[PDB]
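**Q** Provided herewith is a single structure, encoded as structure tokens, for subsequent inquiry.
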Amino acid sequence: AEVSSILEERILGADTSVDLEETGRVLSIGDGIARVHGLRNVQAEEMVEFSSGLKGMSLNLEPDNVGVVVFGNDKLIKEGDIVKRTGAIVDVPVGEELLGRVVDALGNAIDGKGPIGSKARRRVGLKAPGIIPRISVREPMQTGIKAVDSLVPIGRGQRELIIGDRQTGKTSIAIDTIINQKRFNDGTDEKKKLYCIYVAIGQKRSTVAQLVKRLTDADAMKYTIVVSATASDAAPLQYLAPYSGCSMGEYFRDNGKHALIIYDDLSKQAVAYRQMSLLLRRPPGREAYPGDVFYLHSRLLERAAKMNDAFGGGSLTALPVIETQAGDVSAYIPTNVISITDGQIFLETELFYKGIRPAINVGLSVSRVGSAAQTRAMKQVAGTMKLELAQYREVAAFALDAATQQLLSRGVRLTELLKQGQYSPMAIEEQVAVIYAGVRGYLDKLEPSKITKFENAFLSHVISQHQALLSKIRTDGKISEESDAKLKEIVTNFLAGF
Amino acid sequence: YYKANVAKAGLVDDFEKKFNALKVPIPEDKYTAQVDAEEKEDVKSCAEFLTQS
Amino acid sequence: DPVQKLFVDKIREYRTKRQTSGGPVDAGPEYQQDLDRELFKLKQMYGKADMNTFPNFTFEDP
Ligand SMILES: Nc1ncnc2c1ncn2[C@@H]1O[C@H](COP(=O)(O)OP(=O)(O)OP(=O)(O)O)[C@@H](O)[C@H]1O
Ligand SMILES: [Mg+2]
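Protein chains in written order, with this note's numbering: chain A, 11 to 508; chain B, 2 to 54; chain C, 42 to 103.
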């Protein structure tokens, strides 16, 4: 009964207004690119619309015709059609209304669940914040992976790069980072809440559905936006999805809040851009990518800033995901993005199969912020851990004397300490506890095949018996002398009792 | 909310009320018969072993 | 607002459907075939339990 009533509610409010609008005739349509004739006042990279309600962008302004790219399917556009200019640069909805919604590259709800109630729109192609608004990266972005929070820390406003081969665990790191923010978003203070945006570029719809259900299971869609431009979406959409998501995150960082955006991958945005550019007839470049392929990314990753307290104080972290071919980091797009981003997180298949998961290659992984953007407890402990692994990696290729034998023992203990599962990120204090136990010669007695058992049991024991100590470490944010003495006695007791 | 999002509100109300009235069971200490063992130990620890020791 | 003849036309067709909705009109066999198909699929994905009331438990102690 009420189904038809709510159906009518939609018609009751319509768009009566018909206006006198400028137009153009489609001289030629093919491969997703139209050549409109007319539109004498259409702007550059403006949004136009076709006779069937299908949108497009006027990318080329040639003297005789306008080269338009169609944001959708192309079979429905004929020759001699009509293109009406909307008189507005391409823009997307923004706001907290988008949280928990799966949307396409243009901000249209994709999961049903009604429409988006956004009250504001933002232009995708906005300039990055200047030099003055920013401020050095201060807070830590808690990722939940021990090896990332300890050895290659990420701040808020940094632009890490997750680069590896196919199926080494990049999207897994992204999902762990997204899921971990649940503890902060559930709390009270707004200075720690981090809203997450996941841009899925070129991934088949099944993968994005799996990801969305995984986030829902971990109850992580309360604060996550998913901008999906999947494989079957015309190239002009996969080219624009990163910019739409970055605008949705620019809103947060401009309104004093903190956001995290994860482009996944950028190596597929590059391919979509290449297809667009080749079908507009623009001359190719190296590997057929257009000349403006560095710009494409540099203008996009430069929007992940850390505003100073005069501009709200908000921040927007970025975690672009690149995909190399057989570890050839020396390729074109990988090198561009490596020279664009701050840090890197190298995942290697040789480490993935050797049992080290996440495969993070701590030897090559870097983070310019480093010291800054790390909690004091983690700063204290991960430093000694970093030195110990650095020494271990030198003498590792073989396998006598007591000193070097114990050095290898400690290195191996720490190595098996850094392993982890999927979608089970750890609180920072728990990571500190585990790493402290491992680095203070305690595990040197145990076998290295049992270190996982220890780690797990120790976590389960501490999370219940010694919740107070973990709360102390979190609140005070350092391993004070009394906290260190406690940690010492807890570890000494537990080790023997196991 | 839920009964506001269902047609046969009566059926969901019935389930709600049956849920409210009906509870769940709980096991017992029968498997804890090892109670007995404790007393036996008192014999060795406190009566026998203590005394001869 | 009383001038958009198609606006009032669509409203009129909607009203007529409302009145005639005693049973899904113009349903055709496809209506029943679909309904059955997706109801069957939902039944599998949920379960085969006693689809009237609360099933009982009779748990087992350790
Ligand atoms: N920490 C981990 N522990 C165990 N298994 C892992 C871990 N991380 C990743 N994997 C495994 O690696 C596989 C690929 O993971 P993931 O999708 O994150 O990598 P990917 O490079 O994004 O894949 P693709 O690039 O093909 O989308 C998964 O099936 C998962 O089981
Ligand atoms: Mg992936």
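The C-beta atom is built at its ideal place from N, Cα and C for all residues, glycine as well.
Which whole-angstrom value is the C-beta distance of A:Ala-383 and A:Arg-148, which I expect to be below 8 Å?
**A** About 7 Å separates the two Cβ atoms, so the contact holds.
**Q** Of all the CB atoms in chain C, is at least one closer than 8 Å to the CB of A:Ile-21?
**A** Output row for A:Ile-21: interface = yes.
**Q** With DSSP as the reference, please indicate the residues paired to A:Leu-270 in a beta bridge.
**A** BP columns for A:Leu-270 point to A:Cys-206 and A:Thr-327.
**Q** Are A:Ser-14 and C:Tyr-72 close, meaning C-beta to C-beta below 8 Å?
**A** Cβ distance not < 8 Å, so A:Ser-14 and C:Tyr-72 don't count as in contact.
**Q** Kindly identify the DSSP beta-bridge partner or partners of A:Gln-354.
**A** For A:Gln-354, which the question treats as bridged, DSSP gives the partners A:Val-376.
**Q** If you draw a straight line from the alpha carbon of C:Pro-103 to that of B:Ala-34, how long is it in whole angstroms?
**A** In a straight line, the C-alpha of C:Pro-103 is about 13 Å away from that of B:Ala-34.
**Q** What is the DSSP secondary structure of A:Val-147, counted as helix, strand or coil?
**A** Residue state, collapsed to three classes: coil.
**Q** Identify which residue in A:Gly-365, A:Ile-235 and A:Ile-126 has its Cα closest to the Cα of A:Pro-458.
**A** Residue A:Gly-365 is the option with its Cα nearest to A:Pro-458.
**Q** Under 8 Å between the Cβ atoms of A:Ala-280 and A:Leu-306?
**A** Taking 8 Å as the Cβ cut-off, A:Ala-280 and A:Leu-306 qualify as a contacting pair.
**Q** To the nearest angstrom, how far is the alpha carbon of B:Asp-30 from that of B:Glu-42?
**A** For B:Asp-30 and B:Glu-42, the distance between alpha carbons rounds to 20 Å.
**Q** Heavy atom of ligand 4 less than 7 Å from the Cβ of A:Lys-123, yes or no?
**A** This structure lacks ligand 4; its bound ligands are ligand 1 and ligand 2.
**Q** Can you give me the Cβ contacts of A:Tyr-208 inside the same chain, cut-off strictly under 6 Å, excluding the 5 residues immediately before and after it?
**A** Cβ neighbours of A:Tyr-208 beyond the five flanking positions: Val-236 and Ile-272.
**Q** From the beta carbon of C:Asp-102, is the nearest beta carbon of chain E less than 8 Å away?
**A** Looking at the structure shown, chain E is missing, and the protein chains on hand are A, B and C.
**Q** At which residues does the beta strand (DSSP E) containing C:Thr-99 begin and terminate?
**A** Counting along the chain, C:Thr-99 falls outside any beta strand (DSSP E), and DSSP gives it neither H nor E.
**Q** Looking at the C-beta of C:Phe-95, does it have a partner C-beta in chain B at a distance below 8 Å?
**A** Chain B, which has a Cβ nearer than 8 Å to the Cβ of C:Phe-95, makes this yes.
**Q** Tell me whether the segment 251 to 258 of chain A and the segment 219 to 234 of chain A touch, counting them as touching only if at least three CB pairs, one residue from each stretch, are closer than 8 Å.
**A** Flag = no, the segment 251 to 258 of chain A and the segment 219 to 234 of chain A do not touch.
**Q** What does the shell around ligand 2 hold, if a residue joins when its beta-carbon is under 6 Å from any heavy atom?
**A** The answer, residue by residue, is A:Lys-180 and A:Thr-181.
**Q** Output the residue ranges of the beta strand (DSSP E) runs that lie fully inside the segment 89 to 124 of chain A and measure 3 residues or longer, sorted by chain position.
**A** Here the runs fully enclosed are 93 to 99 and 101 to 104.
**Q** Going by DSSP, name the residue or residues bridged to A:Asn-70.
**A** Per DSSP, A:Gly-77.
**Q** Ignoring anything shorter than 4 residues or poking outside the segment 379 to 457 of chain A, list the alpha helix (DSSP H) runs there in chain order.
**A** Taking only runs of at least 4 residues, the alpha helix (DSSP H) segments lying wholly in the segment 379 to 457 of chain A are 386 to 404, 412 to 428 and 438 to 449.
**Q** Is the distance from the Cβ of A:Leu-171 to the Cβ of A:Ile-355 below 8 Å?
**A** Going by C-beta atoms, A:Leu-171 is nearer than 8 Å to A:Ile-355.
**Q** Would the beta-carbon of A:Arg-133 be found less than 7 Å away from any heavy atom of ligand 1?
**A** False, no ligand heavy atom lies under 7 Å from that Cβ.
**Q** Just to confirm, does A:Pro-368 get its C-beta within under 7 Å of one of the non-hydrogen atoms of ligand 1?
**A** Result yes, Cβ under 7 Å from ligand 1.
**Q** Which residues in the same chain as A:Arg-45 place their Cβ atom closer than 8 Å to its Cβ, once the five residues preceding and following it in sequence are excluded?
**A** Closer than 8 Å at Cβ, skipping near neighbours: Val-36, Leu-37, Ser-38, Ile-39, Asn-75, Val-76, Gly-77 and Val-78.
**Q** Taking A:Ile-370 and A:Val-158 to be in contact with their CB atoms under 8 Å, please state how far apart those CB atoms are, rounded to whole angstroms.
**A** Confirmed, about 6 Å.
**Q** Where does the unbroken alpha helix (DSSP H) through B:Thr-52 begin, and where does it stop?
**A** Per DSSP, B:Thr-52 belongs to the alpha helix (DSSP H) from 50 to 53.
**Q** Does at least one heavy atom of ligand 1 sit under 7 Å from the Cβ of A:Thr-178?
**A** At least one heavy atom of ligand 1 is nearer than 7 Å to the Cβ of A:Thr-178, so yes.
**Q** Assuming A:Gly-324 and A:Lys-267 form a contact by the criterion Cβ under 8 Å, report the distance between their Cβ atoms to the nearest whole angstrom.
**A** About 5 Å separates the two Cβ atoms, so the contact holds.
**Q** By DSSP, does A:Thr-234 sit in helix, in strand, or in coil?
**A** Reduced to three states, the DSSP call for A:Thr-234 is strand.
**Q** Classify A:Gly-507 as helix, strand or coil using the three-state DSSP reduction.
**A** Residue state, collapsed to three classes: coil.
**Q** Can you tell me whether A:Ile-173 is buried or exposed? The criterion is at least 16 other CB atoms within 10 Å of its CB, across all chains shown.
**A** A:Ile-173 is buried by the Cβ-count criterion.
**Q** Within 8 Å of any Cβ in chain C, is that where the Cβ of B:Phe-50 sits?
**A** It does not; no Cβ of chain C falls within 8 Å.
**Q** According to DSSP, what are the bridge partners of B:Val-7?
**A** Beta-bridge pairing links B:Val-7 to no other residue.
**Q** For the alpha helix (DSSP H) containing A:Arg-35, name the first residue and the last one.
**A** No alpha helix (DSSP H) holds A:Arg-35; the beta strand (DSSP E) holding it covers 34 to 40.
**Q** When the Cα atoms are used, what is the spatial distance from A:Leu-204 to A:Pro-435?
**A** Taking the straight line joining both Cα atoms gives about 15 Å.
**Q** Identify the contact partners of B:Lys-45 in chain C, using a Cβ-Cβ distance below 9 Å as the criterion.
**A** Residues of chain C passing the Cβ test: none, with the nearest at roughly 28 Å.
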